[PDB]
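Peer 1: Opening piece of a complex, kept in its complex position:
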Amino acid sequence: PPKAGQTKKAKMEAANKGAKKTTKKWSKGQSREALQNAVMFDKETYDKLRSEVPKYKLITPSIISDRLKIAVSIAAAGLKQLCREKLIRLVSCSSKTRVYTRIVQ
């Protein structure tokens, strides 16, 4: 075995006692600002969804959340409602993803 030369038991003991914590953090990280997204609709936010969200060429739950500062869970819920009232039309659909667009005229 590579038994270190001139290494003491006191040298050993002082090595492990100083080996706790210290060296770490090999990544920069670059922290981000928190996203304050509302979990329920306000009166003015719900008014924007019924009026401003239509006549958008591309409509997506993640897009609407980025506009109205709301959660995607309720952003998707409002979009499903706007389809029930035929204000927007659904172009691509799956379990995980829905794409909507404005109606013609």
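Peer 2: Everything's here; your move. Residues are numbered from 1 along each chain as shown, chains lettered A, B, ... in the order given.
Peer 1: Please make it C-alpha for all contacts and neighbour counts, starting now.
Peer 2: Fine.
Peer 1: quick one: the strands in chain A?
Peer 2: In chain A, strands defined by DSSP state E lie at A:88-93, A:98-102, listed in chain order.
Peer 1: For residue A:19, find the nearest of the ones you listed.
Peer 2: Each of these was scored for nearness to residue A:19 using Cα to Cα, and the closest is strand A:98-102 (53.1 Å).
Peer 1: same for that closest one, what does it pack against?
Peer 2: strand A:88-93 (3 or more Cα pairs under 8 Å, 6 or more residues apart in numbering; DSSP states H and E).
Peer 1: In the strand it packs on, which residues are buried?
Peer 2: Within strand A:88-93, the residues scored as buried using 16 or more other Cα atoms under 10 Å are A:88-90.
Peer 1: Include this sequence as chain B:
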Amino acid sequence: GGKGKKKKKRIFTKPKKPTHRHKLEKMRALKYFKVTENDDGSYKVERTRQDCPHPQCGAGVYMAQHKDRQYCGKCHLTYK
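Peer 2: Chain B added:
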């Protein structure tokens, strides 16, 4: 750690146990029998030691006698 199969030479605290030697009783069968004399001159002998009841335990073999118990060598059954 220690050397491979090196003699230990450990001290002993307890006294050494001697080996058990069989204590020999001289003329054993003379003690198991008491000789009686009949008026015709013939001698009748009856054993003073009990017989172990179990047929598997020595049909025709004797049974010990202590002050507190009575047991046998073969059947190992004891009476108190």
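Peer 1: So what would you say the end-to-end distance of stretch A:22-30 is?
Peer 2: Separation of the first and last residues of stretch A:22-30 by Cα to Cα, to the nearest Å is 21 Å.
Peer 1: Now do the contacts for residue A:65.
Peer 2: Contacts for residue A:65 (Cα atoms under 8 Å, 6 or more residues apart in numbering or on different chains) come out as A:37, A:71-72, A:75.
Peer 1: ugh, wrong one, residue A:78
Peer 2: When contacts are counted by Cα under 8 Å, 6+ apart, residue A:78 touches residue A:49.
Peer 1: Also residue B:59?
Peer 2: Residue B:59 is in contact with B:51-53, counting by Cα under 8 Å, 6+ apart.
Peer 1: Go ahead and add RNA strand C:
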RNA sequence: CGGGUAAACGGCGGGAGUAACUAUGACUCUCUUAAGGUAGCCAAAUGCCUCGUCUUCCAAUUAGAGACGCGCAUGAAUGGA
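Peer 2: Take a look at RNA strand C, now in place beside the chains above:
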């Protein structure tokens, strides 16, 4: 301001560690200058300590000579040997 010039006047460092007995320090670290004293020479008419230390000279040597050199404060035409 920018160059040259010391046979112009002149000037020519300090602290610490280190070799398998122990001294010592070839070796290394560090602070530093315009350059950090080179070849030599020396208790020299130049050494304070100092009547330095060793050898020699005497019966006895603060003297003399030969050595050594941490040289208060030796040293190169302020010419060195």
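Peer 1: and residue 70, bridged to which residues?
Peer 2: Let's take chain A. residue A:38 (DSSP bridges).
Peer 1: meant chain B, my bad for not saying
Peer 2: Beta-bridge partners, per DSSP bridges, of residue B:70: residue B:79.
Peer 1: Kindly provide the distance from it to residue B:51.
Peer 2: In this structure, residue B:70 and residue B:51 are 11 Å apart, going by Cα to Cα.
Peer 1: So for chain B, the centremost residue is which one?
Peer 2: With distances taken as Cα atoms, centre = their mean, chain B has residue B:73 as the residue nearest its mean C-alpha position (6.1 Å).
Peer 1: Report the contact partners of the residue nearest the centre of chain A.
Peer 2: With distances taken as Cα atoms, centre = their mean, the residue of chain A nearest its centroid is residue A:35 (8.0 Å). The neighbours of residue A:35, taking Cα under 8 Å, 6+ apart as the test, come to nothing; the list is empty.
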